[PDB]
Structures are given as C-alpha cells and as structure tokens.
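Presented as structure tokens, the chain that follows is alone, the form solved without the partner chain.
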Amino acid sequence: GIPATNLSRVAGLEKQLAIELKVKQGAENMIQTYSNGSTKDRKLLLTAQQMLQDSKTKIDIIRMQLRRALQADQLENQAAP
C-alpha cells in the first residue's frame, strides 16, 4: 500500500472517510429538517440521533488508523528496540 501509483492503502482509508461523511452529514440534515416543521417526527428524530452517535464514533476510530498507517510506513531511522 505504498503512497504512489498503487493507491491501495490510500484508496481504502480514503473511501472509508467518505462513507462516514455521507451517513454523518445525512443524519445531521435529517435532524435539522425535522426541527423546521415539515417532518418533525419524534420516532425518526431519536433514530437519527443514534445514527450520528454511532457514525461519529467510527470516524474517530478510522482517523487513528490513518495516523498509524503513516507511522508504520515512515519508520524513521532504526526501529525502536
């Protein structure tokens, strides 16, 4: 998964982030819309709330993985004993 033509590792991590935005942003859009007046569904309201909580949690997890990816690839001098 070298950061070059391969784009194997980059594509995997990048796509994951994209999916998160779709679900997270999607949930937020629904929550705000409900407050407006149109839908204002109570059952749906809570449902979206749960969606956002789970979605955001996974995002932070993936972010950590990214940083870890760069650390491993970099190595920096001799590997620590």
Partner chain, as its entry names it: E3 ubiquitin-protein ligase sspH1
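Positions refer to the first chain, counted from 1.
Heads up, the form solved in complex with the partner chain isn't pictured, but that's what we're talking about next.
Proximity of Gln65 to the partner chain in the deposited complex falls outside the 4.5 Å heavy atom cutoff. Interface residue remark: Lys24 is counted as part of the site for the partner chain in the deposited complex, having a heavy atom within 4.5 Å.
Within this chain, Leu17 lines the site of the partner chain in the deposited complex, having a heavy atom no more than 4.5 Å away. Contact annotation: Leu70 falls within 4.5 Å of the partner chain in the deposited complex, judged by heavy atom distances.
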